[PDB]
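My sequence and its experimental structure, below.
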Amino acid sequence: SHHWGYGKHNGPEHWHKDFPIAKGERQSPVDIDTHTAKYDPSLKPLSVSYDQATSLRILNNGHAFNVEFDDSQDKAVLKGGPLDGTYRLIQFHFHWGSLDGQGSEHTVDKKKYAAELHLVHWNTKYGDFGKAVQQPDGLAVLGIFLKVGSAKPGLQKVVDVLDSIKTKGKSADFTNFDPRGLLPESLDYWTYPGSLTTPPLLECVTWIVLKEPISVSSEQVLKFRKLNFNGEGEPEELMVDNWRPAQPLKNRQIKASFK
Ligand SMILES: CCCC(CCC)C(=O)N[C@@H]1Cc2ccc(S(N)(=O)=O)cc2C1
Ligand SMILES: [Zn+2]
């Protein structure tokens with residue numbers, strides 16, 4: 001009944017009770033101190049190959065909405081950078097705020113963006129997602145910040161279908177969506193070992209956070225804010241501020257792909 005969420009009695013500060021790893025040694029998100037981050041020459045060129053990506057459905061899971069992809073074959077993959085091997089795209093989703101001044105999970109020199117896009121990939125050496133989340137290098141999440149300004153044309157198809165998945169549990173066919181339309185020009189990034197930012201908070205993620213944010217219009221993000229945390233027929237609880245705040249960096253160093 002009393003499941004985790006982002007409210008006063010079931011939010012981020014409560015998660016550790018059911019998920020003790022919430023106070024772990026490599027939790028995410030974290031604040032990215034740009035001056036302390038160090039350029040790493042050992043990093044190989046990052047490769048984002050989404051040309052063959054095949055989306056299948058979009059779902060409101062009561063915490064955010066997921067655009068799911070068919071990962072039964074080697075198509076949309078992420079490799080290079082800090083990664084060893086190939087990681088396959090399985091889904092992407094966002095975290096956003098109730099206001100333009102907040103919403104992102106990672107922060108840059110304490111600056112919060114309006115939202116943050118997470119493209120989730122699993123290490124193919126482990127067979128599938130389930131086995132991957134039992135490994136310290138099982139996942140790679142490409143994070144992209146969203147700022148409010150000009151509209152992002154490639155995001156509109158997502159925005160327009162949200163009306164069909166307003167409440168928790170609802171899903172809708174969502175084929176032929178090209179995630180390449182959500183990527184900024186530059187692939188400059190920061191990377192560090194972390195975790196899932198929502199329960200179960202598993203520490204199996206290599207985070208790759210792009211420095212360049214994408215711009216989305218006020219109208220686009222306002223539609224994100226029309227979604228509901230609640231299910232159909234229940235009192236309306238707007239899906240906003242579904243972000244976890246920065247966690248202790250502890251024994252970690254953030255590396256930059258650029259000088
Ligand atoms: C450990 C796997 C359990 C299942 C449960 C949902 C049916 C699951 O898919 N959880 C999802 C998987 C996933 C992937 C990335 C992130 S994030 N925010 O760090 O980018 C959060 C979560 C929670
Ligand atoms: Zn996320």
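Happy to help now that I have it. Numbers count the residues shown, from 1 in each chain. Ligands and ions are numbered 1, 2, ... in the order given.

Residues of the stretch 51-200 of the chain that sit close to ligand 1?
Selection of the stretch 51-200 of the chain residues close to ligand 1 by C-beta under 6 Å from any ligand atom yields 118, 120, 133, 141, 196-198, 200. Heads up, the C-betas are built off the backbone N, CA and C, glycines and all.

run the last query once more with 8 Å
When proximity is defined as C-beta under 8 Å from any ligand atom, the stretch 51-200 of the chain approaches ligand 1 at 61, 64, 90-91, 93, 95, 105, 118, 120, 129-130, 133, 139, 141, 143, 194-200.

How about the residue in the stretch 1-150 of the chain that ligand 1 sits nearest to, nearest residue that isn't a chain neighbour?
Closest residue of the stretch 1-150 of the chain to ligand 1, C-beta to the nearest ligand atom: residue 118 (3.7 Å). Sequence neighbours aside, residue 141 is the residue nearest to residue 118 in space, at 5.2 Å (criterion: C-beta to C-beta, 6 or more residues apart in numbering).

how near is that neighbour to residue 81?
According to C-beta to C-beta, to the nearest Å, residue 141 and residue 81 sit 12 Å apart.

what is in contact with these two at once?
residue 208 (C-beta atoms under 8 Å, 6 or more residues apart in numbering).

Tell me which stretches of the stretch 51-200 of the chain form strands.
55-60, 65-69, 77-81, 87-96, 107-108, 115-123, 139-148, 171-173, 189-194 (DSSP state E, counting those that start in this stretch).

Let me have these in JSON lines, extended by mean neighbour count.
As requested, the strands of the stretch 51-200 of the chain are arranged in JSON lines below (neighbours: other C-beta atoms under 10 Å):
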{"stretch": "strand 55-60", "mean neighbour count": "20"}
{"stretch": "strand 65-69", "mean neighbour count": "22"}
{"stretch": "strand 77-81", "mean neighbour count": "20"}
{"stretch": "strand 87-96", "mean neighbour count": "24"}
{"stretch": "strand 107-108", "mean neighbour count": "18"}
{"stretch": "strand 115-123", "mean neighbour count": "25"}
{"stretch": "strand 139-148", "mean neighbour count": "24"}
{"stretch": "strand 171-173", "mean neighbour count": "14"}
{"stretch": "strand 189-194", "mean neighbour count": "22"}
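
Please name whichever of these is nearest to residue 12.
Closest of the strands of the stretch 51-200 of the chain to residue 12 is strand 87-96, at 11.7 Å (criterion: C-beta to C-beta).

other SSEs contacting that closest one?
When contacts are defined as 3 or more C-beta pairs under 8 Å, 6 or more residues apart in numbering; DSSP states H and E, strand 87-96 sits against strand 65-69, strand 77-81, strand 115-123, strand 139-148, helix 218-224.

Determine how far it lies from the middle of the whole chain.
Mean-position distance between strand 87-96 and its chain equals 5 Å (C-alpha atoms, centre = their mean, to the nearest Å).

now swap in stretch 86-94 and tell me
For stretch 86-94 - counting by C-alpha atoms, centre = their mean - the centre lies 9 Å from the chain centre.

what's next to it, contact-wise?
Contacts of stretch 86-94 (C-beta under 8 Å, 6+ apart): 50, 53, 64-69, 71, 74-79, 115-124, 129, 139-140, 146, 179, 182, 224.

One more: stretch 250-259?
By C-beta under 8 Å, 6+ apart, stretch 250-259 touches 25-26, 30, 32-33, 36-40, 43, 46, 81-82, 187-193, 211.

Over to stretch 176-187?
So stretch 176-187 is contacted by 46, 48, 50-51, 53-55, 67, 76, 89, 92, 117, 119, 144, 152-155, 157-158, 210-214, 257 (C-beta under 8 Å, 6+ apart).

for residue 138, what are its contacts?
So residue 138 contacts 122-123, 126, 131-132, 204-205 (C-beta under 8 Å, 6+ apart).

Quick check on these: which are buried?
122-123, 126, 132, 204-205 (16 or more other C-beta atoms under 10 Å).
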